[PDB]
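Protein chains in written order, with PDB author numbering: chain M, 1076 to 1124; chain T, 22 to 141, 143 to 150, 153 to 463; chain X, 22 to 212, 214 to 463; chain Y, 14 to 146, 150 to 459.
For every residue, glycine included, the Cβ atom is placed at its ideal position computed from N, Cα and C.
Structure, as structure tokens:
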Ligand SMILES: Nc1ncnc2c1ncn2[C@@H]1O[C@H](COP(=O)(O)OP(=O)(O)O)[C@@H](O)[C@H]1O
Ligand SMILES: Nc1ncnc2c1ncn2[C@@H]1O[C@H](COP(=O)(O)OP(=O)(O)O)[C@@H](O)[C@H]1O
Ligand SMILES: Nc1ncnc2c1ncn2[C@@H]1O[C@H](COP(=O)(O)OP(=O)(O)O)[C@@H](O)[C@H]1O
Ligand SMILES: [Mg+2]
Ligand SMILES: [Mg+2]
Ligand SMILES: [Mg+2]
């Protein structure tokens, strides 16, 4: 559930990376959050399997 | 491009609403048997109810084996199909009943699904220390990198995987794919990136893989429980004691116990309940069942009331014979009456002159040969006079004789000479009874 | 708390001077058979001469197996008894003769008794006593090693030969917590005291208590084994990582043809030990039930084997008449045993029971399994026990008890046994139904 | 819940339709008719769960298709779990790697079950932190933790060595035997759950245990006698229960383990349970096996043995005389016979209806009556097989119900055994005789 919340965090972060060059252009910390969120949720899906 | 009395039978040739025409699927005549067997195909395809048996009876050269092959073709290449003969049940390694049980388990298959995430040149590798204990030395972490094609990516892991890849004997600059499920990694080879590193080499060039750093693929596997329980019973491994011993043990199959059967049944039951596995019942074929024995027949009854019994089909041509093993039991087709009570009987009938002539036409057509009308008409004459199979086999020598005198078609005198050259059973036994020189 | 057609036989019930009463040891009837069996029991108890054999003949359900079990009970738990059936002789691994010979030796056992002298306790201080070197030298030369002793009900202090310096090189217990030494042979044995269990919150070794009793113990050890175990162990390998042991660990050690030279060697060693006065050989008794299933080869090998020095006394059972011994067809012989073998052993005769004997047997069967039966029901049970068979009547008790339990009555009534007989059919009625019908039954 | 079954030849049989005083109900759980046989089976069952007398031989007779195996299935379902029930046919006793007597002995030891109780004390998932040290024999005292409980424990040199093998960070939770055993890794905590970009098959993230780590829990253990003998047959023989190479275990483990189980019973920590060994198809067997059974019935650990057969007076396998019932008279003397009569028309109707509803087949009344008439003419199994094919052909005609004409088409499609015999009689020349004679030339 926490990692699904990180999926939602990615969505609010930038449109599933849609608004990267227009919204997240001047902020790189949120970029490094977005790289972690989806990767870790997929890894936790693997952990649930 | 070769055939052996078959492979011209393409299915059963049964239309919708269960009807069979005259010429279809390389099949002619015997409509009712085809209807019944198509109904059997429908019952198997239902995959609801299992444990039945069906025996079909008839004379020689009737098409029983053709009927079974038509069944197998109609079912398709997904459901397992295990043809067999009575003699192969006997063995010098295990019991007859046991071998029947391996075949029984081999008949039914199971399709399983599973997804796998795999990571796939190698940028670098580096371990990370004080063990804070009595251990000699270790690395806190290991950081590596993979190049691939769709961008590169670094990777942090445990010195166990570092040890495993070291055992794989892989160069620092190389292509590597690593399994995320357990960590097993094998040397893919020398990647194409470091081509012509020296003038002469031997390692494979291994073009760099085109894909993401990590790739997920869907795998669907179709196996039978017979593979499952032998895999469970047989040991595996590397240098461990039982591993070398089994490597030198000559692994003869010996008397699989029922405990494995119960365990695998429980595991597959919970897996299909989970919904990851689907069980596909198969059909097992025993040709020429008259060669079996009383013990096999009784254990066949017992296995026929079993839980996971696949549908089996039996073939025979015997009549009011005595079943092997005993002498006081005269039963039809050499099958004990108690077994006969436990299955159905499908009748088959001999063909006529017209049907034999049509068979000859079909068989000539499939082998890309030309037959003169009169020659084919006479071929039907001793097809009925002697046998269908004699005239069926006669065709190829006639074609050779036609090749001798440079003529594609087949003429009357060619087949007459062929008949003169090669004798039939009746003429041969006539010569045998006439002579007295041990012939 | 369960029985199976037996275990109600308490010995043979033979009084002094060889006399058998009526009701004793769960045995009634067939007095002379019991007298002969007691005679054989005394002969075996003599432990003087071996190789003798005896066979007993009679009708089915005549108590032959009961007589053999009574003999085994009378002998006691020291002399070995080896039950066997004729069919068990066959095997698909070795020859039948090999199995027969190994069973022959399995019949005879051996008892070894010996005593060891041991000093044990708690050592207050483990320190050798230094002394001047008798030879011109230097350093420390030990003349004695003082060992403290402490045991419950007895405690002393003693000294030993300094040769134990190598024995004290590796004990890994504590500073003289619990010890085990020998007088003549010396040595040591790791045995910590319970007084230090709570000093450490964790511990992976269970603390041992101090010895109870005299600080020095002269305890005797008695072991009873058969020569079959002896030469099986002699032939079978041992050890750990060596090539032969590791190969045998995966060899599936099927028994195969123990050679006669091992038999000679074990004979020699046991003979020298009994001559030494440390071993006592106890001849056993071996039972082959239902001997009519044997074959000519086994019979001839038996003729050869019973002439051997160490052939145990065997007992044979059969219930055949003018039958043809297996393997051949022309040999007509009583009980299906070749006449030459008959010539080499004695025969004990058993006789069928009567109505009163069957009734008493049924009474004993009711009493043993804690059941109550009415006198009329018991008499009726005796009636079709005589009419059909004793074993049917004996078996019918439990269903009658079940039917009585259904209606909540401890005792048993006549209509109960009538219903039970209606439900369960005997042999004659069953074959009557079989011959009447024609639907394959 | 664990029914991987598609169907069974008799899956409607779930126990016996009895009551408090063991009265057979007219119809209950896929069972109809033969009330006397059912009452006898219930008596035998109550005897079995009584578990106070062993070595009883019960024989079931009857014609073919009379349902003798139905009673065995019913009683097996009735006893259910906690009691072994070995269903063995007469043909698997013939092994060329094992003596028939040895196979019978293995079967007999299989049918007896023994349960034991054992209690273990262990601290689970509490090793928190390692404080290595002065130097040598370090980490002599480290704390333990759970989600709800913590304690400091001192460690000795032996425990130091034990921890040295497979050393762990101790920030996880690890279970170690407080009963002077060894250590067992449990996994990793959540703190390092996000520390690897790839996974293996050695350590998996484990939860911090709830409650006190220390726990002295007792475990019951159930196993049959055959397994307990084969486990002591060699140094290690757990594969023998799987591979099947028992190897004809010699008669030294058997008596010693009988003494061991007697000792365990006297200690009260082990309880035996006498199961039921059922042998179908007994009429084929060797006389040596019959004599071995005759003796083995007398053993103290002799399970209840039930036999099934259908042949009448016939030759026995191993002799030259036509003994009645297919068995020697000695075996018949020490057994109990439960005969079963034939089946009736109303019973046929009920059985066919039960079979039809078992495979969720809608059946017209007239079709059911035609099936009953045929099952009166021929065997009942004939109609019990034709029901499915009639349903299939009705489906092919796109009508959900099984109309009469569909049943008639199914009957005309498949030959009766008697009809096949008659047709063979009409066409003897066409088929191949027992003398190797056959005719293929039509003209
Ligand atoms: N209706 C048919 N159509 C095509 N080929 C047939 C037909 N009937 C029989 N055959 C031929 O007969 C052969 C099979 O003979 P079969 O009847 O199985 O012999 P048996 O009766 O001894 O089992 C096949 O090679 C097949 O080519
Ligand atoms: N005198 C007796 N006292 C007690 N039980 C007896 C006596 N005679 C026979 N039996 C019973 O008969 C059974 C043994 O029958 P037995 O005579 O050994 O058969 P067989 O003649 O086939 O060897 C035992 O179960 C035993 O209870
Ligand atoms: N009394 C009965 N009640 C319910 N089903 C029965 C009965 N008798 C026979 N059957 C059915 O008949 C089928 C075969 O019976 P089976 O026991 O094999 O006959 P046999 O006694 O010849 O072995 C079983 O699947 C069972 O469902
Ligand atoms: Mg064929
Ligand atoms: Mg007896
Ligand atoms: Mg029978």
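| Asked | Found |
| --- | --- |
| Environment of residue 334/T [buried if 16+ CB atoms lie within 10 Å] | buried |
| Chain Y contact for residue 1081/M (CB, 8 Å cutoff) | no |
| Bridge partners - residue 180/T, DSSP secondary structure assignment | 167/T |
| Closer than 8 Å at the beta carbon, the chain T residues around residue 272/X | 265, 266, 269, 273 |
| The alpha helix (DSSP H) enclosing residue 250/X, as first and last residue numbers | 249–257 |
| The segment 318–328 of chain Y in contact with the segment 287–302 of chain Y per 3-pair CB rule at 8 Å | yes |
| Near ligand 6: residue 128/T beta-carbon under 7 Å from a heavy atom | no |
| Beta-ladder partner(s) of residue 99/Y, from DSSP | 293/Y |
| Neighbour list for residue 315/Y in chain X, Cβ cutoff strictly below 8 Å | 25 |
| Supposed close pair residue 470/Y, residue 409/T - CB separation, criterion 8 Å | No information on residue 470/Y is available, as it lies outside the stretch 14 to 459 that chain Y covers here. |
| Beta carbon of residue 131/Y nearer than 8 Å to that of residue 237/Y | yes |
| Segment limits, alpha helix (DSSP H) that includes residue 1089/M | 1077–1089 |
| Proximity test, Cβ basis, 8 Å: residue 191/Y and chain X | no |
| Per DSSP, the bridge partner or partners of residue 370/X | 77/X |
| Where residue 359/Y meets chain T, residues with beta-carbon distance less than 8 Å | Those within 8 Å of residue 359/Y in chain T number zero; the least Cβ separation is about 14 Å. |
| Runs of beta strand (DSSP E) wholly within the segment 298–346 of chain X (minimum 3 residues, chain order) | 301–304, 307–310, 335–340, 344–346 |
| Residue 383/X and residue 338/X closer than 8 Å at C-beta | no |
| Where residue 325/X meets chain Y, residues with beta-carbon distance less than 8 Å | None at all; the shortest Cβ gap to chain Y is about 22 Å. |
| Listed by chain order, chain X residues near residue 98/Y by CB distance under 7 Å | Residues of chain X passing the Cβ test: none, with the nearest at roughly 19 Å. |
| As assigned by DSSP and simplified to three states, the class of residue 376/Y | coil |
| Cβ pair count under 8 Å reaching 3, the segment 58–77 of chain X against the segment 359–367 of chain X | yes |
| Whole-angstrom distance between residue 131/X and residue 142/Y, CA atom to CA atom | 60 Å |
| Backbone secondary structure at residue 159/T - three-state DSSP | coil |
| Under 8 Å by beta carbon: chain M residues contacting residue 221/Y | 1122 |
| Distance between residue 338/Y and residue 462/X (C-alpha atoms, nearest Å) | 14 Å |
| Neighbourhood of residue 94/X by C-beta distance below 6 Å, restricted to the same chain and skipping five residues each side | 32 |
| Contact set between residue 404/T and chain Y, taken where Cβ atoms lie within less than 9 Å | Within 9 Å Cβ-Cβ: nothing; residue 404/T doesn't reach chain Y, min ~12 Å. |
| Cα-Cα separation, residue 276/Y to residue 265/Y | 17 Å |
| For residue 201/T and residue 212/T, believed in contact at Cβ under 8 Å, the rounded distance | 6 Å |
| Outcome for residue 1103/M when other beta-carbon atoms lying within 10 angstroms are tallied against a minimum of 16 | exposed |
| Cα-Cα separation, residue 441/T to residue 418/T | 11 Å |
| C-beta atoms of residue 43/Y and residue 354/Y nearer than 8 Å | no |
| Ligand 5 heavy atom lying under 7 Å from the CB of residue 213/X | Between 212 and 214, chain X has no modelled residues, which means residue 213/X does not appear in the coordinates. |
| Distance cut-off 7 Å: residue 278/T Cβ against heavy atoms of ligand 4 | no |
| Distance cut-off 7 Å: residue 200/T Cβ against heavy atoms of ligand 1 | no |
| Cα-Cα separation, residue 114/Y to residue 305/Y | 6 Å |
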